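These notes are about the structure you will find just below.
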Amino acid sequence: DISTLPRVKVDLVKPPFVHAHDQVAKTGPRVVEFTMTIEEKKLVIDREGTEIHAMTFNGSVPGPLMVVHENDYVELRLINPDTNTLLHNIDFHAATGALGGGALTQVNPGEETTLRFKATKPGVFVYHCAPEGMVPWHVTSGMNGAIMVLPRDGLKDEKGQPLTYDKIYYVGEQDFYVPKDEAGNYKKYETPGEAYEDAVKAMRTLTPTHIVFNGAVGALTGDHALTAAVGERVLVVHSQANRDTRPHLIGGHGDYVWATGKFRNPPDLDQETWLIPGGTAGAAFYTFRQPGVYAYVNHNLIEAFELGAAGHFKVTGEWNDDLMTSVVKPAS
Amino acid sequence: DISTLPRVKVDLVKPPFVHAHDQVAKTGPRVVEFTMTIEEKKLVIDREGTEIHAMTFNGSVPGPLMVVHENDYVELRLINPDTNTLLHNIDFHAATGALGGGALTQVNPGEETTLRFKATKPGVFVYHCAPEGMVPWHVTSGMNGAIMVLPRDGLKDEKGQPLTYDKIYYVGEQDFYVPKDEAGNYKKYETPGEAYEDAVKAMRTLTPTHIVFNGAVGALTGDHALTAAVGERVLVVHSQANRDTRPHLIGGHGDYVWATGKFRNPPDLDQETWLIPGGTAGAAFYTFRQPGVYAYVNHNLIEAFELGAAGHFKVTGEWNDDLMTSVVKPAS
Amino acid sequence: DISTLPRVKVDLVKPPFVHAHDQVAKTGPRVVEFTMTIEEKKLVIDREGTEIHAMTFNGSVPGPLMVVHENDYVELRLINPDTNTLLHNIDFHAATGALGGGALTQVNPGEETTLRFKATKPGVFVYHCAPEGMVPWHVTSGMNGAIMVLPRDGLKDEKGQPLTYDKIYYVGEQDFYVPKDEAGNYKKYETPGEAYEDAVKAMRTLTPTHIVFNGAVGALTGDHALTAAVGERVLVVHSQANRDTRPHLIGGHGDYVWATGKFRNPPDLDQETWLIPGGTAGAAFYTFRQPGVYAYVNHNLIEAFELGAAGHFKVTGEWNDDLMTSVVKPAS
Ligand SMILES: [Cu+2]
Ligand SMILES: [Cu+2]
Ligand SMILES: [Cu+2]
Ligand SMILES: [Cu+2]
Ligand SMILES: [Cu+2]
Ligand SMILES: [Cu+2]
C-alpha cells in the first residue's frame with residue numbers, strides 16, 4: 001500500500017542546478033512529492049533583446065530537474081494560476097500510461113491537479129507539456145524539462161563498477177521558432193490566439209531561429225558559467241524535448257555517456273560528441289584533468305555559435321603539461 | 001545447390017500489417033518467393049486533399065514488409081506493368097552485391113525480372129527503388145519499404161534470453177517534398193518529366209512538406225489505429241529510407257530497441273526515444289502495461305503534429321493505479 | 001620524461017589516402033611529429049564550376065588523417081604562411097585541455113606554433129580550426145580533418161578478437177553554405193571581411209548548398225574512386241565536423257562499426273546505415289564479398305545525389321551467384 005511508504009517533499013531548484021539527493025538510495029522506496037507552478041512570462045532570449053512569451057514549469061526554461069530512484073513514486077502537484085491564459089498539462093517520458101500523464105493533468109488557469117506515477121525504469125527522461133492540438137507550440141515555447149530516475153545502487157560503468165559524481169548539472173536545450181516577416185525581422189504578437197498561426201508557420205520551416213541552453217543566448221557564461229575543479233567527476237544531464245542535438249565538451253570528452261539516457265545500458269566510453277535525439281534526455285560523466293575555460297556546445301557549430309547553443313565551464317586547478325603543452329608558442 | 005531447397009511462396013499484406021511467419025525457424029533454409037507489382041498512382045496525403053503521384057511497391061506507401069530468416073534466399077519477382085510510365089528497380093539493404101540488387105533489376109514499363117539474394121545478416125533493413133540519376137525522387141515518392149531477416153532462433157535480449165512478440169506492426173515513415181510556389185501553395189504538374197526539376201528544387205530545400213506514417217496524415221488513427229491488449233508484447237518495425245527519425249511511444253517506452261535494426265547486437269533497454277538514421281530500419285519491442293490511447297510519433301513534435309508523423313495505439317484491458325493514478329483530478 | 005622517448009616524423013598524405021602506420025604498435029610510446037601548413041585557396045566544388053574560398057589544413061578538404069597510438073604524444077607544428085589572410089588555430093577532439101589546443105595555437109599569417117598533447121583515448125576524432133568568434137565559418141570553409149588513435153594492440157571485435165584491415169580510407173564530409181541571392185544564384189565576394197556577414201546569413205539557414213566527400217562533387221569517382229578486391233578488409237574512417245551524416249555502402253554493409261568512433265567500445269555489427277553526429281568521426285570495417293561498383297553515400301539520398309555526398313568503390317574479383325544472382329533478367 002503506497003500510503004504505508006515514507007513521503008519526502010522536494011523543493012526544486014533553478015537549472016542548471018539540481019535539488020539535493022543521494023545517488024545510492026539511503027531509504028526504501030518513497031513517495032517523492034514535487035510541486036510545480038506553471039508560469040507564462042516574457043523572456044529575452046538573445047543579446048539583441050528579442051522577447052518571446054515563454055511557457056514555463058516553475059518559471060524557468062528548462063523546467064527544473066526532478067530526481068528520484070527507481071521504484072519510487074513521483075507525486076506531482078501541478079498548479080496553473082489564474083494569471084496564466086492557456087490550458088496546460090504534463091507528460092513524463094518516465095511514466096507509464098495516459099500519455100505519460102498528459103491525459104490526466106489538463107489544467108485550465110485557476111486549476112491544479114496531482115498526479116502520481118511509479119518510476120519503473122532508471123534513466124534521465126524528458127517531461128513536457130502536451131495539450132491536444134497544441135503540443136509543439138507549448139514544447140517549443142520552453143515548456144519542458146527532465147527527470148532523473150537513479151538506479152537504487154547508483155550509477156555503474158560498462159564493467160558494473162560504481163560511478164559516483166561530485167557535481168551534477170542539468171543543461172536544457174531549447175529550440176525556438178520566432179516568426180519572421182518577408183524581410184526576416186522577428187514579428188510581434190498581441191495575444192496567444194493571434195500568435196498561433198504564425199507560430200505554426202515558423203515551426204513548419206523546421207528551422208529554429210534560436211537554440212539556447214538554460215533559456216537564453218549566453219545563459220551559462222560569465223558569472224553563470226558552470227564550474228568544476230581538476231579531479232572532479234561531473235555529470236551533465238542534457239535534454240532536448242523536440243529536436244536532435246549533439247553535445248560536446250570542448251577540450252574534454254564524455255568519459256562515460258548514456259547518449260539516449262537509460263542506465264540499465266552500459267555507457268559509451270570516451271565520446272567526443274554524442275547524439276541526443278529530440279524527445280530524449282542523455283547524460284555524460286566526465287572527470288576534469290585540466291584547468292581553464294571549456295565550452296560546452298551543440299556541435300553543429302552554427303547552432304552553437306550563431307543560434308545560441310553554447311555554454312562554458314570554468315575549471316580551477318593545476319595545469320598538466322604532460323597531457324598538453326605549447327612547445328613553441330605562436331611566433332613569426 | 002539452391003534447387004535442392006524447399007520453396008515457399010509468400011503473399012504479402014498491406015502495412016502496417018505483416019505476412020504470417022514464425023519467429024523461430026520451423027524449417028531449414030528455404031527459398032522464399034515474393035512477388036511485387038509496381039504501381040504509380042495518385043495519393044491524397046493530408047486532410048486538405050493534397051494529391052501527389054506516388055511511386056509504390058505493391059500499391060502502398062510504404063511497400064510491404066517481407067519476412068525471412070537468416071540464410072534463407074529471397075527470390076523476388078518484380079513486375080513493372082505497362083500502365084506505369086517510369087523505369088524502376090529495387091535495392092535491398094539486406095543484400096550483398098550489385099547495389100543491393102539495383103544494377104540487376106532495372107525494369108521498363110511492361111517488363112519484369114526475378115532477383116535472388118542470400119539474407120546473410122539478421123535484422124530489419126530498408127529496401128527501395130534507386131534508378132541511376134533519379135534515386136531520391138523515387139524514394140521520396142514513396143518507393144521504399146523494408147525486409148526483416150530474423151535470426152533462425154528468433155529474437156534475444158541483452159542477456160541472450162528469448163524475446164517473443166505476440167503482435168508485430170510495420171510503420172513506414174515517408175518524407176514528401178511537394179513543390180511550392182512563391183506564395184507557398186502546392187504546385188501542380190502534368191507529367192513526370194514536367195514535374196522533375198521542380199521535384200528536385202523542393203527536395204534540395206531539405207525541408208519536407210509532409211512526413212507521414214503509412215502514406216498519409218492520420219493513416220494509423222481511428223478505425224486504422226494500431227491495437228493491443230495490456231500484457232501483449234508488440235514489435236514495431238519502423239523504417240525511414242531517406243531522412244532521420246526519432247520514434248517514441250507516448251505513454252510507453254521501447255523496452256528493447258535495436259535503433260539501427262541489426263539483431264546480432266544487444267538491444268538498448270528502456271528507451272524513451274531512439275534515433276533511426278535515414279536509410280535505416282529499426283525495431284522496438286514493448287510489453288503494454290496500461291490500457292487506453294497511446295500516440296506513436298516521430299518526436300520532433302513539429303514533424304509529428306504539424307507535418308503528419310503520428311499514429312495511435314488503442315489498447316484494451318485493466319488500468320493499473322499503482323503504475324499511475326490521478327490523486328487529485330484537475331479542479332479550481 | 002618525454003625527451004627520453006623516440007621521435008618519429010610523419011609526412012602526411014592527401015585524403016582519401018592515409019599515411020603509413022602499423023595497427024599493432026611495434027614500439028613503445030613515441031612522440032609523433034606532424035607538420036601542417038594552412039592554405040587559404042580557391043576551390044571548385046561542383047560540376048557547374050562554383051568556386052569558394054576554402055580554408056585548408058595542408059591544402060586539402062578534408063585535412064589529412066593523422067595516425068598514432070594510444071599514449072603516444074602528438075606534436076604538431078602548424079604553419080600559417082604570410083600568403084594567407086586570416087588567423088587560424090587547431091582544436092583536436094582527441095586532446096585534453098585548452099579547447100583541444102585551440103587556445104594555444106592561434107597563428108596570424110606569417111606565424112607558426114608547435115603543440116604537443118598526449119593521445120590518452122583510442123578512437124577516430126575530428127580536428128578543426130576554431131578561432132574565437134569565427135568558428136563555424138572556418139569549419140564550414142573546409143578547415144577540419146581527423147586523427148585516428150589506435151589501441152596499442154590494434155582493433156578488436158565485440159568478442160575481443162583481432163580485427164585487421166588490409167586497406168584504410170578517410171572520407172571527410174563537408175557541408176558548405178554558399179550564399180545565395182533572392183533568385184537563388186550563388187553570390188560572389190571580393191574579400192574575406194566583405195564575405196563574412198553573408199557567410200553567417202547562409203549558415204543560419206541551416207541548409208547546406210553542397211555536401212561533398214573529399215572536397216567536391218564527384219571527388220571519389222572515376223579515376224579517383226576508392227578501390228578494393230573481393231576478400232579485402234577495408235576500414236573507412238568518416239568525419240563530419242559540423243553536421244550529422246548517415247554513411248551507407250550501397251550493396252554492402254558496415255560489418256563492424258564504431259558509429260561515434262571510440263574503440264574502447266564494442267562495434268555495432270552488420271549495420272546498413274549508421275549515424276555519425278556532427279562534430280564526430282566514425283569508422284566502419286567491411287570485408288568485400290562481391291566485385292563491381294559500389295556507391296558510398298550519406299543516406300539522406302537528397303544530400304547524396306543532389307548535394308554531392310556520394311563516392312564509389314570499384315571492386316575487382318569473382319562474382320558469387322550464391323550470394324546474389326539474376327534468376328530472370330529484365331524482359332517484357
Ligand atoms: Cu503548456
Ligand atoms: Cu514526449
Ligand atoms: Cu522507382
Ligand atoms: Cu539505400
Ligand atoms: Cu581557420
Ligand atoms: Cu569541435
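Each chain in the C-alpha cells gets a letter, A, B, ..., in the order shown, and its residues are numbered from 1; ligands are numbered from 1 in order too.
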Any residue with an atom at most 7 Å from ligand 2 counts, using only C-alpha atoms and all ligand atoms. Which are they? Put them as an MDAnalysis selection string. (chainID A and resid 91 93 126:128 241 279) or (chainID B and resid 250 299)
Show me, as JSON, numbers by chain, every residue of chain A with an atom at most 6 Å from chain B, counting only C-alpha atoms. {"A": [96, 97, 98, 99, 100, 107, 110, 111, 112, 113, 114, 115, 116, 117, 118, 136, 242, 243, 277, 278, 279, 280]}
To check your reading of the model: which residues sit at most 8 Å from ligand 5 when counting only C-alpha atoms and all ligand atoms? Write the answer as a tab-separated table (two decimals) with C-alpha atoms, in the first residue's frame.
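Saved result, selection_36.tsv, follows:
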```tsv
chain	number	residue	atom	x	y	z
C	55	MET	CA	40.34	27.29	-45.66
C	56	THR	CA	42.53	24.18	-45.50
C	86	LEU	CA	43.23	35.06	-41.76
C	87	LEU	CA	44.23	34.00	-38.21
C	88	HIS	CA	43.72	30.25	-37.64
C	89	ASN	CA	44.28	27.69	-34.96
C	90	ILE	CA	43.57	23.98	-34.34
C	128	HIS	CA	39.26	21.56	-36.72
C	129	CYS	CA	40.11	25.22	-36.65
C	130	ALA	CA	38.12	27.27	-34.12
C	131	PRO	CA	39.07	30.95	-33.87
C	135	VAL	CA	34.32	29.07	-35.57
C	138	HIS	CA	36.25	28.34	-40.68
C	139	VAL	CA	34.94	24.82	-40.11
C	143	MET	CA	39.12	23.65	-42.15
```
Superposed chain B (ref. Chain A, all C-alpha pairs in order) as a tab-separated table (two decimals) with C-alpha atoms, in the first residue's frame:
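The result, stored in out31.tsv:
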```tsv
chain	number	residue	atom	x	y	z
B	1	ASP	CA	0.00	0.00	0.00
B	2	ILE	CA	1.50	3.30	-1.14
B	3	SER	CA	0.08	5.00	1.99
B	4	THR	CA	2.47	2.87	4.07
B	5	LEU	CA	5.53	4.39	2.35
B	6	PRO	CA	7.60	7.33	3.56
B	7	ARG	CA	6.77	10.66	1.96
B	8	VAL	CA	9.53	13.14	1.19
B	9	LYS	CA	8.87	16.63	-0.09
B	10	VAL	CA	11.35	18.17	-2.50
B	11	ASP	CA	11.81	21.87	-3.11
B	12	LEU	CA	13.10	22.21	-6.68
B	13	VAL	CA	15.92	24.48	-7.76
B	14	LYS	CA	16.54	26.51	-10.86
B	15	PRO	CA	18.60	24.91	-13.70
B	16	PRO	CA	21.38	24.30	-14.29
B	17	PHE	CA	21.48	23.34	-10.62
B	18	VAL	CA	19.77	20.24	-9.21
B	19	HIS	CA	17.99	19.64	-5.94
B	20	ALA	CA	19.75	17.66	-3.25
B	21	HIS	CA	19.60	13.90	-3.49
B	22	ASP	CA	21.65	10.74	-2.85
B	23	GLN	CA	22.99	8.67	-5.69
B	24	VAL	CA	22.82	5.38	-3.73
B	25	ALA	CA	19.33	5.22	-2.21
B	26	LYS	CA	19.52	5.66	1.59
B	27	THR	CA	15.92	4.54	2.16
B	28	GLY	CA	13.46	2.04	0.72
B	29	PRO	CA	11.02	3.21	-1.94
B	30	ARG	CA	9.32	6.51	-1.21
B	31	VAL	CA	6.61	8.80	-2.46
B	32	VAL	CA	8.57	11.86	-3.56
B	33	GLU	CA	6.43	14.98	-3.64
B	34	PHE	CA	7.13	17.78	-6.11
B	35	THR	CA	5.12	20.94	-6.74
B	36	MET	CA	5.44	22.90	-9.89
B	37	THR	CA	3.73	26.15	-10.72
B	38	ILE	CA	3.24	26.98	-14.37
B	39	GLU	CA	4.26	30.47	-15.38
B	40	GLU	CA	3.59	32.12	-18.72
B	41	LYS	CA	6.03	35.00	-18.87
B	42	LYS	CA	8.01	37.27	-21.20
B	43	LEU	CA	11.62	36.20	-21.77
B	44	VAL	CA	14.54	37.98	-23.53
B	45	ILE	CA	16.38	35.13	-25.32
B	46	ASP	CA	19.30	36.83	-27.11
B	47	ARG	CA	21.70	39.81	-27.00
B	48	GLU	CA	19.57	41.83	-29.43
B	49	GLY	CA	16.70	41.86	-26.95
B	50	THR	CA	14.34	39.52	-28.74
B	51	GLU	CA	11.43	38.80	-26.48
B	52	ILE	CA	9.10	35.80	-26.59
B	53	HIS	CA	6.19	34.61	-24.50
B	54	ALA	CA	7.65	31.63	-22.76
B	55	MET	CA	5.55	28.86	-21.28
B	56	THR	CA	7.35	27.50	-18.21
B	57	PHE	CA	7.25	24.96	-15.46
B	58	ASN	CA	8.22	26.79	-12.28
B	59	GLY	CA	9.44	29.93	-14.03
B	60	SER	CA	12.44	28.67	-15.93
B	61	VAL	CA	13.45	27.27	-19.28
B	62	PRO	CA	14.05	24.42	-19.00
B	63	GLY	CA	11.84	23.37	-16.15
B	64	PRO	CA	13.75	22.03	-13.13
B	65	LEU	CA	15.34	18.63	-12.91
B	66	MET	CA	13.43	16.26	-10.65
B	67	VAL	CA	15.42	13.43	-9.09
B	68	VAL	CA	14.12	10.13	-7.73
B	69	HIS	CA	15.15	6.50	-7.59
B	70	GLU	CA	13.83	3.52	-9.43
B	71	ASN	CA	10.56	2.24	-7.98
B	72	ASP	CA	9.91	5.45	-6.10
B	73	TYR	CA	6.53	7.05	-6.80
B	74	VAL	CA	6.56	10.55	-8.22
B	75	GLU	CA	3.72	12.66	-6.93
B	76	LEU	CA	3.43	16.00	-8.71
B	77	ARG	CA	1.10	18.78	-7.78
B	78	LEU	CA	0.90	20.93	-10.87
B	79	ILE	CA	-0.56	24.41	-10.40
B	80	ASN	CA	-1.91	26.57	-13.19
B	81	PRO	CA	-2.60	30.03	-11.65
B	82	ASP	CA	-5.38	32.25	-12.98
B	83	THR	CA	-2.74	34.76	-14.04
B	84	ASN	CA	-1.90	32.41	-16.93
B	85	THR	CA	-4.06	32.38	-20.07
B	86	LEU	CA	-3.60	28.91	-21.51
B	87	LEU	CA	-4.57	25.32	-20.56
B	88	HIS	CA	-1.51	23.15	-19.85
B	89	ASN	CA	-0.70	19.66	-18.74
B	90	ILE	CA	2.39	17.45	-18.24
B	91	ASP	CA	3.68	14.26	-19.96
B	92	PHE	CA	6.54	12.36	-18.23
B	93	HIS	CA	8.57	10.13	-20.56
B	94	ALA	CA	9.49	8.30	-17.35
B	95	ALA	CA	5.87	7.26	-16.70
B	96	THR	CA	3.65	4.54	-18.00
B	97	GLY	CA	0.06	5.18	-19.10
B	98	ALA	CA	-2.27	8.05	-20.11
B	99	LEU	CA	0.20	9.74	-22.50
B	100	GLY	CA	2.82	9.99	-19.78
B	101	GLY	CA	0.28	11.70	-17.51
B	102	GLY	CA	-0.97	14.21	-20.08
B	103	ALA	CA	-4.48	12.81	-20.35
B	104	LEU	CA	-4.83	13.19	-16.59
B	105	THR	CA	-3.30	16.57	-15.86
B	106	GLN	CA	-5.19	19.05	-18.06
B	107	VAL	CA	-5.45	22.27	-16.03
B	108	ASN	CA	-7.14	25.46	-17.03
B	109	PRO	CA	-5.91	28.67	-15.46
B	110	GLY	CA	-7.01	28.69	-11.84
B	111	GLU	CA	-6.90	24.92	-11.57
B	112	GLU	CA	-4.48	22.43	-10.07
B	113	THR	CA	-4.10	18.61	-10.13
B	114	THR	CA	-1.97	15.94	-8.51
B	115	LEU	CA	-0.54	13.07	-10.50
B	116	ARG	CA	1.29	10.04	-9.16
B	117	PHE	CA	3.27	7.52	-11.20
B	118	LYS	CA	5.75	4.80	-10.40
B	119	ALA	CA	9.25	5.33	-11.83
B	120	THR	CA	9.77	1.81	-13.03
B	121	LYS	CA	12.71	2.48	-15.40
B	122	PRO	CA	16.06	4.07	-14.47
B	123	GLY	CA	17.40	6.89	-16.60
B	124	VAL	CA	17.10	10.58	-17.43
B	125	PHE	CA	13.81	11.40	-19.18
B	126	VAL	CA	12.17	14.39	-20.78
B	127	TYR	CA	8.98	15.79	-19.35
B	128	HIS	CA	6.89	18.28	-21.26
B	129	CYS	CA	3.51	19.85	-21.67
B	130	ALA	CA	1.37	18.35	-24.47
B	131	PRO	CA	-2.14	19.78	-24.81
B	132	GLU	CA	-4.14	18.13	-27.58
B	133	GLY	CA	-3.77	20.12	-30.77
B	134	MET	CA	-1.06	22.48	-29.47
B	135	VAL	CA	1.78	20.20	-28.49
B	136	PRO	CA	4.73	21.54	-30.39
B	137	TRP	CA	3.78	25.16	-29.68
B	138	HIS	CA	3.93	24.60	-25.95
B	139	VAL	CA	7.07	22.47	-26.07
B	140	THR	CA	8.89	24.98	-28.30
B	141	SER	CA	7.73	27.83	-26.05
B	142	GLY	CA	10.01	26.30	-23.36
B	143	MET	CA	7.52	24.05	-21.56
B	144	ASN	CA	9.73	21.08	-20.92
B	145	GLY	CA	12.35	19.78	-18.55
B	146	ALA	CA	13.62	16.43	-17.33
B	147	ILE	CA	13.51	13.90	-14.55
B	148	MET	CA	16.31	11.62	-13.45
B	149	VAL	CA	15.44	8.18	-12.09
B	150	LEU	CA	18.58	6.81	-10.50
B	151	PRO	CA	19.26	3.12	-10.04
B	152	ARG	CA	18.81	2.28	-6.38
B	153	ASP	CA	22.50	1.40	-6.18
B	154	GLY	CA	23.59	4.45	-8.16
B	155	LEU	CA	25.42	4.63	-11.48
B	156	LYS	CA	27.63	1.90	-12.92
B	157	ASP	CA	30.21	1.74	-15.66
B	158	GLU	CA	30.39	-0.70	-18.54
B	159	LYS	CA	32.05	-3.22	-16.23
B	160	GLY	CA	29.47	-2.88	-13.42
B	161	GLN	CA	31.79	-0.87	-11.13
B	162	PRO	CA	30.42	2.22	-9.33
B	163	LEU	CA	30.49	5.66	-10.97
B	164	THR	CA	29.99	8.49	-8.48
B	165	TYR	CA	29.63	12.14	-9.50
B	166	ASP	CA	30.85	15.01	-7.31
B	167	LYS	CA	28.75	17.61	-9.15
B	168	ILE	CA	25.74	17.39	-11.43
B	169	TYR	CA	24.39	19.94	-13.85
B	170	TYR	CA	21.24	19.99	-15.98
B	171	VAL	CA	21.51	21.57	-19.41
B	172	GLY	CA	18.19	22.07	-21.10
B	173	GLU	CA	18.45	22.86	-24.73
B	174	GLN	CA	15.63	24.80	-26.33
B	175	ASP	CA	14.75	25.35	-29.98
B	176	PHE	CA	12.70	28.49	-30.52
B	177	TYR	CA	10.91	29.45	-33.72
B	178	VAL	CA	10.37	33.21	-33.62
B	179	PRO	CA	8.19	34.17	-36.52
B	180	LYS	CA	9.82	36.33	-39.15
B	181	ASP	CA	8.41	38.65	-41.83
B	182	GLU	CA	9.28	38.73	-45.52
B	183	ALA	CA	12.41	40.76	-44.80
B	184	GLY	CA	13.33	38.44	-41.98
B	185	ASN	CA	12.72	40.51	-38.83
B	186	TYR	CA	11.07	38.93	-35.83
B	187	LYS	CA	7.26	39.53	-35.93
B	188	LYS	CA	5.39	40.75	-32.85
B	189	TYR	CA	2.08	39.48	-31.42
B	190	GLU	CA	-0.70	40.86	-29.17
B	191	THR	CA	-2.17	37.63	-27.76
B	192	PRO	CA	-1.55	33.89	-27.69
B	193	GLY	CA	-4.53	33.22	-30.06
B	194	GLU	CA	-3.35	35.92	-32.50
B	195	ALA	CA	0.21	34.44	-32.41
B	196	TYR	CA	-0.77	30.85	-33.07
B	197	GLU	CA	-0.98	30.52	-36.84
B	198	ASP	CA	2.27	32.43	-37.28
B	199	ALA	CA	3.82	30.24	-34.57
B	200	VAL	CA	2.75	27.21	-36.63
B	201	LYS	CA	4.09	28.67	-39.84
B	202	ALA	CA	7.52	29.35	-38.24
B	203	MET	CA	7.71	25.86	-36.72
B	204	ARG	CA	6.93	24.25	-40.07
B	205	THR	CA	10.10	25.69	-41.54
B	206	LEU	CA	11.86	23.27	-39.31
B	207	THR	CA	14.49	25.92	-38.85
B	208	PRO	CA	14.99	27.28	-35.41
B	209	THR	CA	15.72	30.99	-35.06
B	210	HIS	CA	17.38	30.36	-31.70
B	211	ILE	CA	18.84	27.35	-29.91
B	212	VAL	CA	19.79	28.07	-26.36
B	213	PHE	CA	20.90	26.47	-23.11
B	214	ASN	CA	19.04	27.43	-19.96
B	215	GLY	CA	16.70	29.77	-21.76
B	216	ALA	CA	18.90	32.38	-23.48
B	217	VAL	CA	21.95	33.10	-25.53
B	218	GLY	CA	24.86	33.18	-23.09
B	219	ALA	CA	22.87	31.97	-20.08
B	220	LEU	CA	25.66	29.58	-18.98
B	221	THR	CA	28.55	32.02	-19.29
B	222	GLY	CA	30.22	34.70	-17.24
B	223	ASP	CA	29.06	34.75	-13.65
B	224	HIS	CA	26.76	31.87	-14.62
B	225	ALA	CA	29.31	29.62	-16.20
B	226	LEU	CA	29.36	26.05	-14.91
B	227	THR	CA	32.25	25.33	-12.60
B	228	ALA	CA	34.49	22.49	-11.54
B	229	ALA	CA	37.93	21.59	-10.22
B	230	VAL	CA	40.59	19.39	-11.79
B	231	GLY	CA	39.93	15.88	-10.47
B	232	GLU	CA	36.17	16.38	-10.05
B	233	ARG	CA	33.71	13.99	-11.56
B	234	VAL	CA	30.83	15.82	-13.18
B	235	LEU	CA	27.59	14.55	-14.58
B	236	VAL	CA	25.92	16.71	-17.22
B	237	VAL	CA	22.32	15.77	-17.90
B	238	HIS	CA	21.24	17.26	-21.23
B	239	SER	CA	17.73	17.27	-22.68
B	240	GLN	CA	16.08	18.25	-25.96
B	241	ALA	CA	12.35	17.76	-25.98
B	242	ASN	CA	11.77	18.42	-29.71
B	243	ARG	CA	14.89	18.30	-31.86
B	244	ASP	CA	18.21	16.39	-32.12
B	245	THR	CA	21.35	17.73	-30.56
B	246	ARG	CA	24.95	16.53	-30.37
B	247	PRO	CA	26.64	17.71	-27.15
B	248	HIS	CA	30.41	18.14	-26.92
B	249	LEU	CA	32.72	19.41	-24.18
B	250	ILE	CA	35.35	21.46	-25.97
B	251	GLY	CA	38.73	20.43	-24.57
B	252	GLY	CA	37.24	17.37	-22.87
B	253	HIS	CA	35.15	14.29	-23.52
B	254	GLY	CA	32.27	12.25	-22.28
B	255	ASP	CA	34.23	9.63	-20.33
B	256	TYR	CA	31.01	7.67	-19.87
B	257	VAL	CA	27.92	8.62	-21.82
B	258	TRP	CA	24.35	7.35	-21.91
B	259	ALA	CA	23.53	9.24	-25.08
B	260	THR	CA	19.89	8.18	-25.01
B	261	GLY	CA	19.89	8.33	-21.25
B	262	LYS	CA	18.88	4.91	-19.95
B	263	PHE	CA	21.01	3.49	-17.11
B	264	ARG	CA	20.32	-0.22	-17.50
B	265	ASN	CA	22.54	0.08	-20.56
B	266	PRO	CA	26.33	0.22	-20.38
B	267	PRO	CA	27.62	3.74	-21.15
B	268	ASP	CA	29.58	4.56	-24.29
B	269	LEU	CA	33.19	5.35	-23.43
B	270	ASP	CA	35.41	8.23	-24.44
B	271	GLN	CA	32.90	10.05	-26.59
B	272	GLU	CA	33.95	13.29	-28.34
B	273	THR	CA	30.37	14.06	-29.37
B	274	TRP	CA	27.10	12.13	-28.93
B	275	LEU	CA	23.62	12.30	-30.40
B	276	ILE	CA	20.69	13.02	-28.15
B	277	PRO	CA	17.52	12.58	-30.24
B	278	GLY	CA	14.72	15.09	-29.98
B	279	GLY	CA	12.36	13.87	-27.30
B	280	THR	CA	15.24	12.47	-25.23
B	281	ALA	CA	17.46	13.16	-22.24
B	282	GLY	CA	21.07	11.96	-22.13
B	283	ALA	CA	23.78	12.06	-19.52
B	284	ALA	CA	27.55	12.36	-19.66
B	285	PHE	CA	30.09	11.72	-16.92
B	286	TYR	CA	33.50	13.39	-17.14
B	287	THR	CA	36.49	13.72	-14.80
B	288	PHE	CA	38.25	17.05	-15.42
B	289	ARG	CA	42.01	16.79	-15.98
B	290	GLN	CA	42.90	20.34	-16.93
B	291	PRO	CA	42.02	23.75	-15.56
B	292	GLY	CA	40.78	26.70	-17.60
B	293	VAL	CA	37.80	27.61	-19.73
B	294	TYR	CA	35.90	24.92	-21.59
B	295	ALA	CA	32.97	25.47	-23.91
B	296	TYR	CA	30.09	23.02	-23.81
B	297	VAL	CA	28.19	23.08	-27.07
B	298	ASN	CA	25.81	21.51	-29.55
B	299	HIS	CA	28.45	20.55	-32.11
B	300	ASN	CA	26.55	21.78	-35.07
B	301	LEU	CA	28.74	24.79	-34.60
B	302	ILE	CA	26.33	27.07	-36.42
B	303	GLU	CA	23.66	26.05	-33.90
B	304	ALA	CA	26.27	26.60	-31.19
B	305	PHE	CA	27.92	29.89	-32.09
B	306	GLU	CA	25.35	31.60	-34.23
B	307	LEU	CA	22.00	30.39	-32.82
B	308	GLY	CA	22.99	30.20	-29.14
B	309	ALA	CA	23.70	26.60	-28.09
B	310	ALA	CA	26.98	27.14	-26.14
B	311	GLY	CA	27.90	27.45	-22.50
B	312	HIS	CA	31.16	27.44	-20.53
B	313	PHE	CA	32.87	25.63	-17.71
B	314	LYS	CA	35.39	27.46	-15.64
B	315	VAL	CA	37.70	24.92	-14.10
B	316	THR	CA	40.23	25.61	-11.39
B	317	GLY	CA	43.39	23.71	-10.52
B	318	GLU	CA	46.79	22.57	-11.76
B	319	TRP	CA	47.86	22.58	-15.44
B	320	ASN	CA	49.22	19.21	-16.68
B	321	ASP	CA	51.95	19.74	-19.28
B	322	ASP	CA	52.34	16.05	-19.85
B	323	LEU	CA	48.74	15.97	-21.10
B	324	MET	CA	49.11	19.12	-23.24
B	325	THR	CA	51.66	21.83	-23.68
B	326	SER	CA	52.70	24.56	-26.04
B	327	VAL	CA	56.22	23.51	-27.17
B	328	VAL	CA	56.66	26.63	-29.25
B	329	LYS	CA	54.26	29.48	-28.62
B	330	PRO	CA	52.86	31.25	-31.70
B	331	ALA	CA	55.57	33.49	-33.25
B	332	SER	CA	56.69	34.80	-36.63
```
Name the residues of stretch 1-165 of chain B that come out as strand (DSSP E) in a backbone DSSP run; write them as a PyMOL selection string. chain B and resi 7-9+31-44+51-57+65-69+73-80+91-92+111-118+123-128+144-150+155-156+162-163
All helix (DSSP H, G or I) residues (DSSP, backbone) inside stretch 68-277 of chain A, as a PyMOL selection string: chain A and resi 98-104+135-139+192-204+222-224
